[PDB]
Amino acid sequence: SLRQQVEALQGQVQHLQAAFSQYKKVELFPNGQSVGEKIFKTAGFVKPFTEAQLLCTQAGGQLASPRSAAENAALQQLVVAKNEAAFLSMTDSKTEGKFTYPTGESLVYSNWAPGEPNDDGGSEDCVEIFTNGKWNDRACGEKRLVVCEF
């Protein structure tokens, strides 16, 4: 009967997989985007960098950190849909000119708009992504769309 149980439990698990897959699609509409094993989700409102960063970390994730063209495109979809530029997780607060992820690791991908980053004004240590997907270093005190990744 052990084989029978495995047969039965697998039926329940595959039914669970089906239900879960459906609820996942529902979950991401319309404020989320999945790319690979990563999920981006916007809070739907704007906040300064520090507050946005805290919201994501307290939620068990971190600010959007596109590490490839594919991830950047998925994130771009949310920014376009909300029509609001969003903050990324990277900053060059430690070493001006050198942007890093929250862990301190150097960028493995970038999509800077022409002429960026320019540390305009002498104090732009955060990064925002435009509706066109391009990046721009921006003053961390400005308010931008909050998008976290999980």
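Note that residue numbering begins at 1 and tracks the sequence as displayed. What we label the rigid core is the largest C-alpha set whose atoms superpose within 1.5 Å from one form to the other.
Fitting each structure in 9 other deposited structures of this protein onto the rigid core and averaging C-alpha distances over structures and residues, 9 to 17 emerges as the more displaced of 124 to 132 and 9 to 17. Set 116 to 124 against 22 to 30 and average the Cα temperature factors; 116 to 124 ends up higher.
Of the two stretches examined, 102 to 110 and 87 to 95, the record assigns the greater average C-alpha temperature factor to 102 to 110. The entry lists a Cα temperature factor for residue 52 that places it in the middle third of the chain's modelled residues. Per-chain ranking of the deposited C-alpha B factor places residue 70 in the highest third. When all modelled residues of the chain are sorted by CA temperature factor, residue 81 is found within the highest third.
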